[PDB]
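Asks: To be precise about what I am sending: the file is called model.pdb and holds PDB, C-alpha atoms.
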```
ATOM      1  CA  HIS A   1      10.166  -1.716 -16.629  1.00  0.00           C
ATOM      2  CA  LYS A   2      10.058  -5.149 -18.253  1.00  0.00           C
ATOM      3  CA  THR A   3       7.355  -6.384 -15.878  1.00  0.00           C
ATOM      4  CA  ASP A   4       3.937  -4.764 -15.537  1.00  0.00           C
ATOM      5  CA  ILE A   5       1.343  -7.476 -14.948  1.00  0.00           C
ATOM      6  CA  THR A   6       2.391  -7.024 -11.325  1.00  0.00           C
ATOM      7  CA  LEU A   7       1.396  -3.488 -10.395  1.00  0.00           C
ATOM      8  CA  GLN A   8      -1.372  -3.795 -12.979  1.00  0.00           C
ATOM      9  CA  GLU A   9      -3.174  -6.341 -10.823  1.00  0.00           C
ATOM     10  CA  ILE A  10      -2.252  -4.976  -7.401  1.00  0.00           C
ATOM     11  CA  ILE A  11      -3.889  -1.760  -8.570  1.00  0.00           C
ATOM     12  CA  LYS A  12      -7.134  -3.017 -10.085  1.00  0.00           C
ATOM     13  CA  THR A  13      -7.295  -5.787  -7.497  1.00  0.00           C
ATOM     14  CA  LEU A  14      -6.992  -3.661  -4.350  1.00  0.00           C
ATOM     15  CA  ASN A  15      -8.789  -0.823  -6.115  1.00  0.00           C
ATOM     16  CA  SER A  16     -11.740  -3.056  -6.990  1.00  0.00           C
ATOM     17  CA  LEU A  17     -11.610  -4.850  -3.642  1.00  0.00           C
ATOM     18  CA  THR A  18     -12.107  -1.856  -1.351  1.00  0.00           C
ATOM     19  CA  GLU A  19     -15.124  -2.762   0.762  1.00  0.00           C
ATOM     20  CA  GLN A  20     -13.968  -6.374   0.667  1.00  0.00           C
ATOM     21  CA  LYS A  21     -11.362  -7.325   3.250  1.00  0.00           C
ATOM     22  CA  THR A  22     -10.541  -4.084   5.068  1.00  0.00           C
ATOM     23  CA  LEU A  23     -10.252  -2.931   8.677  1.00  0.00           C
ATOM     24  CA  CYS A  24     -12.473  -0.035   9.755  1.00  0.00           C
ATOM     25  CA  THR A  25     -10.345   2.326  11.846  1.00  0.00           C
ATOM     26  CA  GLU A  26      -9.194   5.124   9.549  1.00  0.00           C
ATOM     27  CA  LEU A  27      -5.759   6.022  10.920  1.00  0.00           C
ATOM     28  CA  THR A  28      -3.840   9.200  10.091  1.00  0.00           C
ATOM     29  CA  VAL A  29      -1.144   8.148   7.644  1.00  0.00           C
ATOM     30  CA  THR A  30       1.394  10.545   6.148  1.00  0.00           C
ATOM     31  CA  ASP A  31       0.478  11.703   2.658  1.00  0.00           C
ATOM     32  CA  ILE A  32       2.883  10.583  -0.058  1.00  0.00           C
ATOM     33  CA  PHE A  33       1.421  13.174  -2.437  1.00  0.00           C
ATOM     34  CA  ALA A  34       3.032  15.731  -0.150  1.00  0.00           C
ATOM     35  CA  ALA A  35       5.769  16.115  -2.747  1.00  0.00           C
ATOM     36  CA  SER A  36       5.401  19.875  -2.455  1.00  0.00           C
ATOM     37  CA  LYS A  37       8.154  19.656   0.160  1.00  0.00           C
ATOM     38  CA  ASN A  38      10.708  16.855  -0.154  1.00  0.00           C
ATOM     39  CA  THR A  39      10.264  13.727  -2.253  1.00  0.00           C
ATOM     40  CA  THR A  40      12.782  11.708  -4.291  1.00  0.00           C
ATOM     41  CA  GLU A  41      12.496   8.641  -6.523  1.00  0.00           C
ATOM     42  CA  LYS A  42      14.086   6.820  -3.586  1.00  0.00           C
ATOM     43  CA  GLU A  43      12.572   8.343  -0.468  1.00  0.00           C
ATOM     44  CA  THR A  44       9.226   9.027  -2.134  1.00  0.00           C
ATOM     45  CA  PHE A  45       8.827   5.321  -2.832  1.00  0.00           C
ATOM     46  CA  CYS A  46      10.224   4.381   0.568  1.00  0.00           C
ATOM     47  CA  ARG A  47       7.579   6.451   2.312  1.00  0.00           C
ATOM     48  CA  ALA A  48       5.005   4.950  -0.052  1.00  0.00           C
ATOM     49  CA  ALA A  49       6.196   1.482   0.932  1.00  0.00           C
ATOM     50  CA  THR A  50       5.488   2.353   4.564  1.00  0.00           C
ATOM     51  CA  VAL A  51       2.003   3.598   3.699  1.00  0.00           C
ATOM     52  CA  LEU A  52       1.379   0.531   1.567  1.00  0.00           C
ATOM     53  CA  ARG A  53       2.404  -1.617   4.509  1.00  0.00           C
ATOM     54  CA  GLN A  54      -0.161   0.036   6.783  1.00  0.00           C
ATOM     55  CA  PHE A  55      -2.913  -0.320   4.194  1.00  0.00           C
ATOM     56  CA  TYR A  56      -1.758  -3.824   3.275  1.00  0.00           C
ATOM     57  CA  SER A  57      -2.653  -4.693   6.847  1.00  0.00           C
ATOM     58  CA  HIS A  58      -6.243  -3.749   6.040  1.00  0.00           C
ATOM     59  CA  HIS A  59      -6.733  -5.772   2.857  1.00  0.00           C
ATOM     60  CA  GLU A  60      -5.032  -8.702   4.566  1.00  0.00           C
ATOM     61  CA  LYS A  61      -6.044  -9.119   8.220  1.00  0.00           C
ATOM     62  CA  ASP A  62      -9.835  -9.289   8.208  1.00  0.00           C
ATOM     63  CA  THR A  63     -12.575 -10.897   6.125  1.00  0.00           C
ATOM     64  CA  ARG A  64     -14.551  -7.645   6.124  1.00  0.00           C
ATOM     65  CA  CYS A  65     -14.514  -5.705   9.379  1.00  0.00           C
ATOM     66  CA  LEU A  66     -14.597  -8.037  12.373  1.00  0.00           C
ATOM     67  CA  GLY A  67     -11.605  -9.096  14.490  1.00  0.00           C
ATOM     68  CA  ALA A  68      -8.150  -7.528  14.612  1.00  0.00           C
ATOM     69  CA  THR A  69      -7.155  -9.002  17.974  1.00  0.00           C
ATOM     70  CA  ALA A  70      -3.721  -8.810  19.576  1.00  0.00           C
ATOM     71  CA  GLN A  71      -3.348 -12.450  18.556  1.00  0.00           C
ATOM     72  CA  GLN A  72      -3.068 -12.311  14.768  1.00  0.00           C
ATOM     73  CA  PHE A  73      -1.731  -8.793  15.238  1.00  0.00           C
ATOM     74  CA  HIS A  74       1.708 -10.387  15.528  1.00  0.00           C
ATOM     75  CA  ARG A  75       0.867 -13.084  12.983  1.00  0.00           C
ATOM     76  CA  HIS A  76      -0.638 -11.421   9.918  1.00  0.00           C
ATOM     77  CA  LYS A  77       2.217  -8.992  10.542  1.00  0.00           C
ATOM     78  CA  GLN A  78       4.746 -11.378   9.029  1.00  0.00           C
ATOM     79  CA  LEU A  79       2.309 -12.225   6.239  1.00  0.00           C
ATOM     80  CA  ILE A  80       2.060  -8.618   5.078  1.00  0.00           C
ATOM     81  CA  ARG A  81       5.754  -7.960   5.614  1.00  0.00           C
ATOM     82  CA  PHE A  82       6.664 -11.001   3.547  1.00  0.00           C
ATOM     83  CA  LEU A  83       4.095 -10.389   0.820  1.00  0.00           C
ATOM     84  CA  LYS A  84       4.703  -6.664   0.685  1.00  0.00           C
ATOM     85  CA  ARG A  85       8.446  -7.126   0.610  1.00  0.00           C
ATOM     86  CA  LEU A  86       8.140  -9.818  -2.032  1.00  0.00           C
ATOM     87  CA  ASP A  87       5.824  -7.687  -4.168  1.00  0.00           C
ATOM     88  CA  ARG A  88       7.806  -4.503  -3.721  1.00  0.00           C
ATOM     89  CA  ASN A  89      10.969  -6.489  -4.438  1.00  0.00           C
ATOM     90  CA  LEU A  90       9.400  -8.239  -7.409  1.00  0.00           C
ATOM     91  CA  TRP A  91       9.219  -5.001  -9.320  1.00  0.00           C
ATOM     92  CA  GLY A  92      11.991  -3.116  -7.519  1.00  0.00           C
ATOM     93  CA  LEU A  93      10.485   0.336  -7.999  1.00  0.00           C
ATOM     94  CA  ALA A  94      12.235   1.841  -5.007  1.00  0.00           C
ATOM     95  CA  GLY A  95      15.383   0.104  -6.245  1.00  0.00           C
ATOM     96  CA  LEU A  96      16.503   0.882  -2.697  1.00  0.00           C
ATOM     97  CA  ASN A  97      17.402  -1.404   0.209  1.00  0.00           C
ATOM     98  CA  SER A  98      15.201  -0.877   3.268  1.00  0.00           C
ATOM     99  CA  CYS A  99      14.885   2.599   4.771  1.00  0.00           C
ATOM    100  CA  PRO A 100      13.676   4.243   8.033  1.00  0.00           C
ATOM    101  CA  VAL A 101       9.971   5.022   8.423  1.00  0.00           C
ATOM    102  CA  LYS A 102       8.956   8.647   8.915  1.00  0.00           C
ATOM    103  CA  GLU A 103       5.626  10.471   8.646  1.00  0.00           C
ATOM    104  CA  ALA A 104       6.707  14.000   7.760  1.00  0.00           C
ATOM    105  CA  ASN A 105       2.979  14.446   7.227  1.00  0.00           C
ATOM    106  CA  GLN A 106      -0.437  13.168   8.306  1.00  0.00           C
ATOM    107  CA  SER A 107      -3.476  12.118   6.280  1.00  0.00           C
ATOM    108  CA  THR A 108      -6.398   9.841   7.144  1.00  0.00           C
ATOM    109  CA  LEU A 109      -5.743   6.492   5.517  1.00  0.00           C
ATOM    110  CA  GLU A 110      -9.114   7.090   3.863  1.00  0.00           C
ATOM    111  CA  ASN A 111      -7.896  10.256   2.168  1.00  0.00           C
ATOM    112  CA  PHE A 112      -4.816   8.377   0.992  1.00  0.00           C
ATOM    113  CA  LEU A 113      -6.934   5.645  -0.550  1.00  0.00           C
ATOM    114  CA  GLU A 114      -9.052   8.257  -2.288  1.00  0.00           C
ATOM    115  CA  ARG A 115      -6.004   9.896  -3.838  1.00  0.00           C
ATOM    116  CA  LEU A 116      -4.178   6.663  -4.557  1.00  0.00           C
ATOM    117  CA  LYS A 117      -7.301   4.995  -5.867  1.00  0.00           C
ATOM    118  CA  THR A 118      -8.067   7.926  -8.135  1.00  0.00           C
ATOM    119  CA  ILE A 119      -4.638   7.832  -9.763  1.00  0.00           C
ATOM    120  CA  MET A 120      -4.113   4.079  -9.666  1.00  0.00           C
ATOM    121  CA  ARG A 121      -7.633   3.548 -10.967  1.00  0.00           C
ATOM    122  CA  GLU A 122      -6.993   6.003 -13.797  1.00  0.00           C
ATOM    123  CA  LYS A 123      -3.497   4.547 -14.239  1.00  0.00           C
ATOM    124  CA  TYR A 124      -4.132   0.857 -14.885  1.00  0.00           C
ATOM    125  CA  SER A 125      -7.511   1.517 -16.496  1.00  0.00           C
ATOM    126  CA  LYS A 126      -5.289   2.887 -19.267  1.00  0.00           C
ATOM    127  CA  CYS A 127      -5.392  -0.632 -20.704  1.00  0.00           C
ATOM    128  CA  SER A 128      -1.674  -1.223 -21.243  1.00  0.00           C
ATOM    129  CA  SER A 129      -2.535  -4.569 -22.828  1.00  0.00           C
TER     130      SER A 129
END
```
For this file, produce the structure as structure tokens.

Replies:
Amino acid sequence: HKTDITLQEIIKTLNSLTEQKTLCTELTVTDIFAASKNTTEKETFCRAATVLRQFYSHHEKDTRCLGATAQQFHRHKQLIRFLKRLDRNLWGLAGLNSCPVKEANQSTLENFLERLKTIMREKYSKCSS
């Protein structure tokens, strides 16, 4: 709660940098908004962390949309895992401690970005400072 300049950037940053650095594959990724079933402040975030990881691989594995070989596949993997973990741990929103990954749902990564972007974009744009 004390910090904010963290998610504030991650939002606007990734939100603004959509076309820039991003893999073009559009994979079905569970929808976190699917709270109309079973979502808790712990699990909800956990699942979100998993989704963020998948997306994080997009905005951090290609200059624009060319490459994605089996080579870096195992490399950039540690980069995202480390960065994501560090970021997620920097704020500590999930306040959890690592959890299993499950896709109780399915939604094109594109659809997720549209929903996430819409909220996140209208969230930070609130000018908190």

Asks: Excluding segment 11-20 of chain A and residues on its chain fewer than 2 positions from it, collect all residues at most 12 Å away from it, counting only C-alpha atoms, and give them as an MDAnalysis selection string.

Replies: chainID A and resid 4:9 22:24 52 55:56 58:66 110 113:127

Asks: For the file shown, what are the residues hit by the PyMOL selection byres ((chain A and resi 84) around 10), laid out as a PyMOL selection string?

Replies: chain A and resi 49-50+52-53+56-57+78-83+85-90

Asks: Interatomic distance between atom CA of residue 68 of chain A and atom CA of residue 21 of chain A?

Replies: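 So the answer is 11.8 Å.
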
Asks: If the PyMOL selection byres ((chain A and resi 103) around 10) is run on the structure shown, which residues does it catch, given as a list in words?

Replies: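 Those residues are residues 28, 29, 30, 31, 32, 47, 50, 51, 101, 102, 104, 105, 106 and 107 of chain A.
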
Asks: Give me, as an NGL selection string, all polymer residues having an atom no more than 9 Å from segment 42-45 of chain A, counting only C-alpha atoms and skipping those fewer than 3 positions away in the same chain.

Replies: :A and (32-33 or 35 or 38-39 or 48-50 or 93-96 or 99)

Asks: For a test of reading the model, state the distance in Å between atom CA of residue 111 of chain A and atom CA of residue 98 of chain A, rounded to one decimal.

Replies: 25.7 Å

Asks: In Å, with one decimal, what is the gap from atom CA of residue 76 of chain A to atom CA of residue 26 of chain A?

Replies: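 A separation of 18.6 Å between them.
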
Asks: Identify which of the residues A:27, A:10, A:70, A:46 lies closest to residue 112 of chain A, counting all atoms listed in the file when measuring atom-to-atom distances.

Replies: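 The answer is A:27, which sits nearest to residue 112 of chain A.
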
Asks: Pull out segment 64-94 of chain A, keep N, CA, C and O atoms, and write it as a CSV table (one decimal), in the first residue's frame.

Replies:
```
chain,number,residue,atom,x,y,z
A,64,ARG,N,9.9,-7.1,-31.8
A,64,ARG,CA,8.6,-6.7,-32.3
A,64,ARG,C,7.8,-8.0,-32.6
A,64,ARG,O,6.7,-8.2,-31.9
A,65,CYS,N,8.2,-8.8,-33.5
A,65,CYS,CA,7.5,-10.0,-33.8
A,65,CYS,C,8.3,-10.9,-34.8
A,65,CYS,O,7.8,-11.3,-35.8
A,66,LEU,N,9.5,-11.1,-34.4
A,66,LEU,CA,10.4,-12.0,-35.3
A,66,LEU,C,11.4,-12.7,-34.4
A,66,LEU,O,12.3,-12.1,-33.7
A,67,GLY,N,11.3,-14.0,-34.4
A,67,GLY,CA,12.2,-14.9,-33.6
A,67,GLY,C,11.4,-15.9,-32.8
A,67,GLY,O,10.5,-16.6,-33.3
A,68,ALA,N,11.7,-16.0,-31.5
A,68,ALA,CA,11.0,-16.9,-30.6
A,68,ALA,C,11.5,-18.4,-30.9
A,68,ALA,O,10.6,-19.3,-31.1
A,69,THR,N,12.8,-18.6,-31.0
A,69,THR,CA,13.3,-19.9,-31.3
A,69,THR,C,13.4,-20.7,-30.0
A,69,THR,O,13.3,-20.2,-28.9
A,70,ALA,N,13.7,-22.0,-30.1
A,70,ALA,CA,13.8,-22.9,-29.0
A,70,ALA,C,15.1,-22.5,-28.2
A,70,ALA,O,15.2,-23.0,-27.0
A,71,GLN,N,15.9,-21.7,-28.8
A,71,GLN,CA,17.1,-21.3,-28.1
A,71,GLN,C,16.8,-20.4,-26.9
A,71,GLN,O,16.9,-20.9,-25.7
A,72,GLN,N,16.5,-19.2,-27.2
A,72,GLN,CA,16.2,-18.2,-26.1
A,72,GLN,C,15.0,-18.7,-25.2
A,72,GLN,O,14.8,-18.3,-24.1
A,73,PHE,N,14.2,-19.6,-25.9
A,73,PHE,CA,13.0,-20.1,-25.2
A,73,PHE,C,13.3,-20.5,-23.8
A,73,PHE,O,12.5,-20.3,-22.8
A,74,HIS,N,14.5,-21.1,-23.6
A,74,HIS,CA,14.9,-21.5,-22.2
A,74,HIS,C,15.7,-20.4,-21.5
A,74,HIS,O,15.9,-20.5,-20.3
A,75,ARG,N,16.1,-19.4,-22.3
A,75,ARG,CA,16.9,-18.3,-21.7
A,75,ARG,C,15.9,-17.2,-21.2
A,75,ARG,O,15.8,-17.1,-20.0
A,76,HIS,N,15.3,-16.5,-22.1
A,76,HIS,CA,14.4,-15.4,-21.7
A,76,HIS,C,13.5,-15.9,-20.6
A,76,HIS,O,12.8,-15.1,-19.9
A,77,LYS,N,13.4,-17.2,-20.5
A,77,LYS,CA,12.5,-17.8,-19.5
A,77,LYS,C,12.9,-17.4,-18.1
A,77,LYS,O,12.1,-17.0,-17.3
A,78,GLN,N,14.2,-17.5,-17.8
A,78,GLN,CA,14.7,-17.1,-16.5
A,78,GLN,C,14.6,-15.6,-16.3
A,78,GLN,O,14.4,-15.1,-15.2
A,79,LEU,N,14.7,-14.8,-17.4
A,79,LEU,CA,14.6,-13.4,-17.3
A,79,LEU,C,13.3,-12.9,-16.9
A,79,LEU,O,13.1,-12.1,-16.0
A,80,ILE,N,12.2,-13.5,-17.5
A,80,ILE,CA,10.9,-13.2,-17.1
A,80,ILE,C,10.5,-13.7,-15.7
A,80,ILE,O,9.9,-13.0,-14.9
A,81,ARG,N,11.0,-14.9,-15.4
A,81,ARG,CA,10.7,-15.5,-14.1
A,81,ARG,C,11.3,-14.6,-13.0
A,81,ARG,O,10.7,-14.4,-12.0
A,82,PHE,N,12.6,-14.2,-13.2
A,82,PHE,CA,13.3,-13.4,-12.3
A,82,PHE,C,12.6,-12.0,-12.2
A,82,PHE,O,12.3,-11.5,-11.1
A,83,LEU,N,12.4,-11.4,-13.3
A,83,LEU,CA,11.8,-10.0,-13.3
A,83,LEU,C,10.4,-10.1,-12.7
A,83,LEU,O,10.0,-9.3,-11.9
A,84,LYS,N,9.6,-11.0,-13.2
A,84,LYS,CA,8.2,-11.1,-12.8
A,84,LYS,C,8.2,-11.4,-11.3
A,84,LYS,O,7.4,-10.7,-10.6
A,85,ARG,N,9.0,-12.3,-10.8
A,85,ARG,CA,9.0,-12.6,-9.4
A,85,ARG,C,9.4,-11.4,-8.6
A,85,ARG,O,8.8,-11.1,-7.6
A,86,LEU,N,10.5,-10.7,-9.1
A,86,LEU,CA,11.0,-9.6,-8.4
A,86,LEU,C,9.9,-8.5,-8.3
A,86,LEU,O,9.7,-7.9,-7.3
A,87,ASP,N,9.3,-8.2,-9.5
A,87,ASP,CA,8.2,-7.2,-9.5
A,87,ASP,C,7.0,-7.6,-8.6
A,87,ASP,O,6.6,-6.8,-7.7
A,88,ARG,N,6.5,-8.8,-8.8
A,88,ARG,CA,5.4,-9.3,-8.0
A,88,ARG,C,5.8,-9.3,-6.6
A,88,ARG,O,4.9,-9.1,-5.7
A,89,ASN,N,7.0,-9.6,-6.2
A,89,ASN,CA,7.5,-9.6,-4.8
A,89,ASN,C,7.8,-8.2,-4.3
A,89,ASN,O,7.8,-8.0,-3.1
A,90,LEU,N,8.1,-7.3,-5.2
A,90,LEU,CA,8.3,-5.9,-4.8
A,90,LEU,C,7.1,-5.3,-4.1
A,90,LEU,O,7.3,-4.7,-3.1
A,91,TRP,N,6.0,-5.6,-4.7
A,91,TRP,CA,4.8,-5.0,-4.2
A,91,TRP,C,4.2,-6.0,-3.1
A,91,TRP,O,3.9,-5.6,-2.0
A,92,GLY,N,4.1,-7.3,-3.5
A,92,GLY,CA,3.6,-8.3,-2.6
A,92,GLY,C,2.1,-8.3,-2.6
A,92,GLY,O,1.5,-8.4,-1.5
A,93,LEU,N,1.5,-8.1,-3.7
A,93,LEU,CA,0.0,-8.0,-3.8
A,93,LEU,C,-0.6,-9.4,-3.4
A,93,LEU,O,-1.5,-9.4,-2.6
A,94,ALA,N,-0.1,-10.4,-4.0
A,94,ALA,CA,-0.6,-11.8,-3.7
A,94,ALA,C,-0.3,-12.1,-2.2
A,94,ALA,O,-1.0,-13.0,-1.6
```
